[PDB]
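See below for the structure under consideration.
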Amino acid sequence: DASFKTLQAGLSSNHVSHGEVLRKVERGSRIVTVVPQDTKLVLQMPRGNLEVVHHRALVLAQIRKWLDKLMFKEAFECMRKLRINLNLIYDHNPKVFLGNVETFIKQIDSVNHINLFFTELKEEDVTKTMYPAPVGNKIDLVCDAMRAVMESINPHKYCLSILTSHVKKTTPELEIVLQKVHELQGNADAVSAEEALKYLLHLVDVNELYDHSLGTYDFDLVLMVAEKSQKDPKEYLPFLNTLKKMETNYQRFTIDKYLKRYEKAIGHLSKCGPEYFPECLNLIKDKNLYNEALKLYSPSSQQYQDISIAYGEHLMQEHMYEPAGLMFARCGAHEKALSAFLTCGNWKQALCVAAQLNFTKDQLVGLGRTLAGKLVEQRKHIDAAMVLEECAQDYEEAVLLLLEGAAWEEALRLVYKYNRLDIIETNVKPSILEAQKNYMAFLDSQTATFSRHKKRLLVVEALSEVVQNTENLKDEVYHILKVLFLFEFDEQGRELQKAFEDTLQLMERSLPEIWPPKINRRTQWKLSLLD
Amino acid sequence: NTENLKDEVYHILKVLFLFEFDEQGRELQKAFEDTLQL
Amino acid sequence: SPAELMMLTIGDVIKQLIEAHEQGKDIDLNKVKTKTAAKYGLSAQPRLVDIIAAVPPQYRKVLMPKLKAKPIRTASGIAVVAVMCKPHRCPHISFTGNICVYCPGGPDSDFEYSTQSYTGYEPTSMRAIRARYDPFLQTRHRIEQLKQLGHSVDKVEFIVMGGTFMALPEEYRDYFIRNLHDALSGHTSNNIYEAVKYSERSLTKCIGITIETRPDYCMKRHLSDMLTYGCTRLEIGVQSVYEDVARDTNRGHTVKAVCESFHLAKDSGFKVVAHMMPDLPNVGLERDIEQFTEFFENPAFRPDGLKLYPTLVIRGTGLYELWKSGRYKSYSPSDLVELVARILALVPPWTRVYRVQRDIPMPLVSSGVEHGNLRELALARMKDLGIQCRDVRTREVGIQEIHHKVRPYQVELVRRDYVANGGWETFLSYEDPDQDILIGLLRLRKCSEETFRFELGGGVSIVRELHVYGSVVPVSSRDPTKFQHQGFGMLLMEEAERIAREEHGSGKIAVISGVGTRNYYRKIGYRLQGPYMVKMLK
RNA sequence: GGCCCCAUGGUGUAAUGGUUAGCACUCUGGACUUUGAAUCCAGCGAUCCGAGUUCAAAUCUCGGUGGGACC
Ligand SMILES: CCNC(=O)CCNC(=O)[C@H](O)C(C)(C)COP(=O)(O)OP(=O)(O)OC[C@H]1O[C@@H](n2cnc3c(N)ncnc32)[C@H](O)[C@@H]1OP(=O)(O)O
Ligand SMILES: C[C@H]1O[C@@H](n2cnc3c(N)ncnc32)[C@H](O)[C@@H]1O
Ligand code: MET
Ligand code: SF4
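Residue numbers (our numbering), protein chains in the order written: chain A, 624 to 1154; chain B, 2 to 39; chain C, 30 to 567.
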């Protein structure tokens, strides 16, 4: 089923090969004879010996033949002897395969083979990974599907199969397996107690199963498993009895905390008595399980509010920030279940604390002072512009801060509302002229550094950084131009525009040279009166 | 494109957190999560 | 005292690492070593030996995976123990005062304590000297020293040094062998047979012994004698492929006798390792190349084990004066490198190289090469020439992983056969071809028409040896990942049996085995007969 | 209390305004189916901390840390 084009392609393929077709051979090799009906080939090498090989392609072809012809055991044996992946038997046709489980089992009919088949299940499909065609739910699903019918036909002499099948589930359900072992031990053809015991001991590496038995909340199971644990009964037996005597729910909490299952420990101890609740807190404050306990307790509980504030405080060490103080003013998921605590007051939690459950009004103007100082130090300068409106008439200081932050029209609003006209030109006019001058200084520095580093690069990265630094000031310059123009500084602003335009053209023309961000062409920084 | 909502709602999430519907945060955050895989 | 200070650092490291283990935290040993050394004012790093020397057992159970030193000592798959015999005389000297023209100091050659072909400065030599050549003392000391490095001793094997062993009084060798077996059994005995029966049920699980010899002591009597000891492989010493050289070297025998010794031993079922001796007097370089090629081209020899030893002129021998007279000249080191590189390109795949170069101390040889390492130089040269070798030791999983860190991905079967000493040999293996990495092997043949053991008369095919490489896995342990208990041997046994039943057309399968290993075959329904495990084929 | 001086591998040290901090003791691995220790080969170790400046900083500055002698 090939053609001249197909054959020539498979031959050359630009001397690129992949998959089952090719097969590495040795130096000086030759060809002696192919062996059909047995999928072999024999060849001679120069030193004077023979060699017999099984090439993949023939084997896989015959395997597909057999799978279509449904004699499962023949493919099984011919496929295990050659050390080939078993999962392919499912991978070839997962759908139809599942409809013939009992026939497959009758085809195999051997406990060791089924055990070996189980011990190598894997999720991934090698027909898409390892054996390309030349043309979670699955494992548990098939395991239970076959286990049901195989138990139905015989549980007695296939008990170990059931054991392995339940063991090799996605999650280890060791508890039910231990239950089956114990019930067989109680009971007197079928598999015996020590038989399955050894059949699982190597399989489980007992000590973990001993711990699991402790988790299973039954002493008798722990007894049998610990029989083989080699530990001194003088050690654990008094401890085990001590654990047995003490309280049921407290037993649960103590076993979970001994098994690190802190979620179950807290769940048990919550109902084990409110008196132990603070101690629980310590654990969920030591193990940071605040969020978990949030579900255990309910609103309108003092425990609930205490654990909420514990969550917001203890875990937020070095993080007395928006979440901490936020949910403090919230006391958890509740909107406003607490007040009278603010960490830094980032203009929101501060006023939320102050206004909600009003403690001190802005008559106690210390809040305004703190907010102004903090956020102005944070390069905001609008904090004061808002809070001082509620505070004393220090508007002039607000005007000063706006000028420092280049907020011109707000200073104009303050001067024309408070009638502070004397300061209309005393400071702002020279300040903005100096702003234009330092704009020139910075622009010249940018131009010089850009040219220097561009030439240094051209001798044989960071240029784009300076480039992006230059495009940020477009509308800043734009509005500063008109601000100056009210005082009729059109010449200085014209100088500003000319310098900005020259630098813009410099980087614009250098951009194709370098090549890499793209700037925006819809930034307005020019005025007709300026022009 | 959507980067505007990358942090805006990620900091406007509080308007929902400050209420009782904290669970709804993730119930919308999924969309903010989705665009992470472009 | 500084010593207690390093002890405190050791304890600190111990507590840190056990704490990391409890929560399953992973930590670099060297990092904590450096930090502890600095914080305690140490001028030098701590030795790893002392680090292992203080772990408590309830932690040594699981800390060894991160604590073993020099893993290559088990990178093959089987532990190795070497023992030393008492110094004596070689037999040939019965004619004249000639041991061998190139042999080093013997019993009376200007050495206080020494042995034939041994200066006396090998670590094994000092161990024997302290032990006064006592078997039991030295073997206990050596196994204890090996276990100090946290290495499992589940499976062990013995190699015997010494000039000649067959040529010793019988009672002495019986005493020696029973002492060896009691060393592992721990049971005092009275004869060989009692020790054998007791070591059968021991737990050390000894798997065999190998001895050196020469073709003079190769008649079927000595082979039957060795059958009583469980020996598996043998050493001969070939030194050439040209008869004239033997009398030139005053060897005192014929290459023919070597050939019939090979044939007879292979018929019996032992393994054999040869010794090759490049750069000999009256031998050109082309002579060496031709003879080495012959060594595999001829169906006469086709041996199994190979060892090589370049010529080394040493004071005391006649060759010392011959070179001293300026009449025997060696090669330049480059010549030796090229010779070795060419040789390695010729080894058949089944043959395994065991060692290269001697271990003689440097300041004694009048023509000793500077390099204590030669295999590496040959590897560099064969990279330069872009031609690869196919030795077994260089394609097993252990060495390949430890030197290149390559994981097998697709392992399959491979079958080959040839003719040697009239035998129809056959070689089986599992290996991954794409990386040319090998995991398991088997050597099986048809017995010759002429035989010495009547138990093999008619319908009998002998399986000389079987082995899977890797590292030691305790017989109770099942899977530390790795590849030593996945049932691989079972497939090889059943397939070899099927081949012998059909292709060989035999009627009964026999096999040699180590004393303990017999129990293994009991699991397959094999029963004992004489010193041979056997199964009926019908 | 200040003046000075110092801070490089685990230790002993070179080096210095620019693509790489070099040695030394030490430790680790292979040769090795005779060897932890030998012989060779190969490999893993680093500039007290924070601020500055400088295109660029271990070497330029300041601060801190700790240590060293001065009245
Ligand atoms: C003949 C002297 N030479 C030797 O022995 C070379 C060293 N031998 C070995 O390392 C191993 O025996 C082999 C080379 C055979 C690899 O073992 P292999 O993978 O083929 O064993 P399998 O996986 O097929 O079978 C496993 C069984 O072998 C058993 N086994 C392992 N070693 C031995 C031993 N010395 N003696 C008896 N049984 C053994 C195991 O206990 C295991 O039994 P299990 O059912 O409790 O697990
Ligand atoms: C062990 C193998 O090495 C050979 N042999 C022993 N001692 C020497 C030596 N000094 N030089 C060369 N070969 C030697 C033996 O003859 C035997 O073949
Ligand atoms: C130790 S030399 C090789 C073994 C033996 N002495 C022989 O020459 O036959
Ligand atoms: S037979 Fe071997 S051990 Fe004895 S003298 Fe000759 S070379 Fe040396």
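For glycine and all other residues, C-beta sits at the position ideal for the given N, C-alpha and C.
Output, in chain order, the set of chain A residues within a Cβ distance shorter than 7 Å of residue i.
i                 : result
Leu19 of chain B  : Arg953, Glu958
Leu520 of chain C : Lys704
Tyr459 of chain C : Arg706
Closest Cβ-Cβ distance between residue i and chain A: below 8 Å?
i                 : result
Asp23 of chain B  : yes
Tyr447 of chain C : yes
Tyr360 of chain C : no
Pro503 of chain C : no
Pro86 of chain C  : no
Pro377 of chain C : yes
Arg530 of chain C : no
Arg507 of chain C : yes
In chain C, which residues lie with their C-beta within 9 Å of the C-beta of residue i?
i                 : result
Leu705 of chain A : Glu441, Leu442
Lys647 of chain A : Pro462, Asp463, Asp465
Counting only beta-carbon atoms, is residue i nearer than 8 Å to chain C?
i                 : result
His825 of chain A : yes
Is the beta carbon of residue j closer than 8 Å to that of residue i?
i                  : j                  : result
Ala995 of chain A  : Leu1011 of chain A : yes
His292 of chain C  : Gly451 of chain C  : yes
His210 of chain C  : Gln268 of chain C  : no
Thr656 of chain A  : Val682 of chain A  : no
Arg444 of chain C  : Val675 of chain A  : yes
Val435 of chain C  : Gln464 of chain C  : yes
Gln515 of chain C  : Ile466 of chain C  : no
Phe325 of chain C  : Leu263 of chain C  : no
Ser143 of chain C  : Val544 of chain C  : no
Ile737 of chain A  : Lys696 of chain A  : no
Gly298 of chain C  : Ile107 of chain C  : no
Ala1058 of chain A : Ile1103 of chain A : yes
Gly215 of chain C  : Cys114 of chain C  : no
Could you name the residues of chain A that residue i contacts, counting a contact when the two beta carbons are closer than 8 Å?
i                 : result
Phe325 of chain C : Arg670
So with CB distances below 9 Å, who are the chain A contacts of residue i?
i                : result
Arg89 of chain C : Within 9 Å Cβ-Cβ: nothing; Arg89 of chain C doesn't reach chain A, min ~16 Å.
Just to check my reading of the structure: residue i and residue j have Cβ atoms closer than 8 Å, yes? What is that Cβ distance to the nearest angstrom?
i                  : j                  : result
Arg472 of chain C  : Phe456 of chain C  : 6 Å
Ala1034 of chain A : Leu1026 of chain A : 6 Å
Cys235 of chain C  : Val182 of chain C  : Going by Cβ atoms, the distance from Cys235 of chain C to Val182 of chain C rounds to 11 Å, so no, they are not a contact pair.
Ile538 of chain C  : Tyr561 of chain C  : Contact doesn't hold; Cβ gap of about 10 Å is too wide.
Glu21 of chain B   : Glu958 of chain A  : 7 Å
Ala916 of chain A  : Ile889 of chain A  : 6 Å
Closer than 9 Å between beta carbons: that is the criterion. Which residues of the region 670-684 of chain A meet it against chain C? Here the close residues are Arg670, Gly671, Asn672, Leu673, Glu674, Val675, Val676, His677, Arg679.
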